[PDB]
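All remarks here apply to the structure that follows.
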Amino acid sequence: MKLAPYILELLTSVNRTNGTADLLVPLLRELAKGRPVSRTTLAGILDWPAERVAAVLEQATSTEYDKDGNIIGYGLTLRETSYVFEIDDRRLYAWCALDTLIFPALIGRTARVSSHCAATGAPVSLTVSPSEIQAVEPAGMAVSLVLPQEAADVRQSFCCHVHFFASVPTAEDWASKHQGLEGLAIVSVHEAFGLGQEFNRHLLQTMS
């Protein structure tokens with residue numbers, strides 16, 4: 001499957017609001033330490049005015065905060081989800097399957113990723129490094145993709161439809177019952193990883 005439409009709409013979703021791409025990688029690296037991240041901490045890391053950080057974050061409507069207004073989730077999160085993203089001894093989480101494949105290159109770490117098949121509840125796991133995936137269990141693991149939508153909550157529009165599956169046939173069965181999803185497509189986790197690599201490549205270009 002040619003994945004250019006997915007890559008294209010994901011980059012567009014990140015390059016839509018100026019600065020977002022430039023705040024993403026530093027914030028992911030900081031969240032990776034496993035503690036909440038203050039806006040003030042972030043502003044210093046980026047060397048931005050606070051108002052610039054705030055404007056970008058306000059545009060990112062799915063961003064997760066704790067009781068202190070600290071950032072605790074943006075793709076990578078401290079708040080439990082179905083996608084477990086373990087770096088070092090530290091259990092973090094991701095908003096969706098494709099997140100888990102993308103972040104390790106962006107944060108320069110190897111993650112032990114685990115979840116369950118969205119069609120059958122079967123456990124799935126794999127090791128994701130900046131350059132490759134290993135220990136893919138089961139070997140035929142698949143991922144669902146949908147097309148990001150322009151004026152749409154990213155987590156509700158994209159992330160919550162982007163799952164792991166035990167296999168491509170299992171995933172395709174599931175897919176046939178959900179054709180109402182825009183640009184719904186099933187790919188192998190290898191193809192999804194490749195998609196993530198093209199996204200990351202392009203992202204690092206658009207940064208300043």
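Residues 1 to 208 in the deposited numbering are what the sequence shown lists, from first letter to last.
All residues carry an ideal CB built from backbone N, CA and C; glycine is no exception.
Return the first residue and the last residue of the alpha helix (DSSP H) that residue i is part of.
i      : result
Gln59  : 50-59
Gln197 : 189-206
Mind checking whether residue i and residue j have CB atoms under 8 Å apart?
i      : j      : result
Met1   : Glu191 : yes
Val162 : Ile186 : no
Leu147 : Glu58  : no
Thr20  : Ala50  : no
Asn18  : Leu106 : no
I'd like the list of long-range same chain contacts for residue i, defined as Cβ closer than 7 Å, with 5 residues on each side in sequence excluded.
i     : result
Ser62 : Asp153, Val154, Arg155
Hey, how far is the Cα of residue i from the Cα of residue j?
i      : j      : result
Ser176 : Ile45  : 45 Å
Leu101 : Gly196 : 6 Å
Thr81  : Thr120 : 17 Å
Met207 : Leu24  : 10 Å
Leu27  : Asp47  : 13 Å
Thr12  : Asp68  : 31 Å
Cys159 : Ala4   : 18 Å
Grab me the residues of residue i's own chain with a C-beta within less than 8 Å of its C-beta, minus the 5 sequence neighbours each way, in chain order.
i      : result
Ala54  : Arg39
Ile72  : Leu31, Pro36, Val37, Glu64, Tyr65, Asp66, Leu78, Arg79
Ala166 : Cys117, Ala119, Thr120, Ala122, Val124, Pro138, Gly140, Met141, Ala142
Quick one: residues in its chain with C-beta nearer than 6 Å to the C-beta of residue i, no 5 flanking neighbours on either side, listed in chain order?
i      : result
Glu198 : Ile7
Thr127 : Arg112, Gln134, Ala135
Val189 : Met141, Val143
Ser115 : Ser82, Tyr83, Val124, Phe164
Buried or exposed for residue i, please, with buried defined as at least 16 other CB atoms from any protein chain shown within 10 angstroms of its CB.
i      : result
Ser144 : buried
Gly75  : buried
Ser131 : exposed
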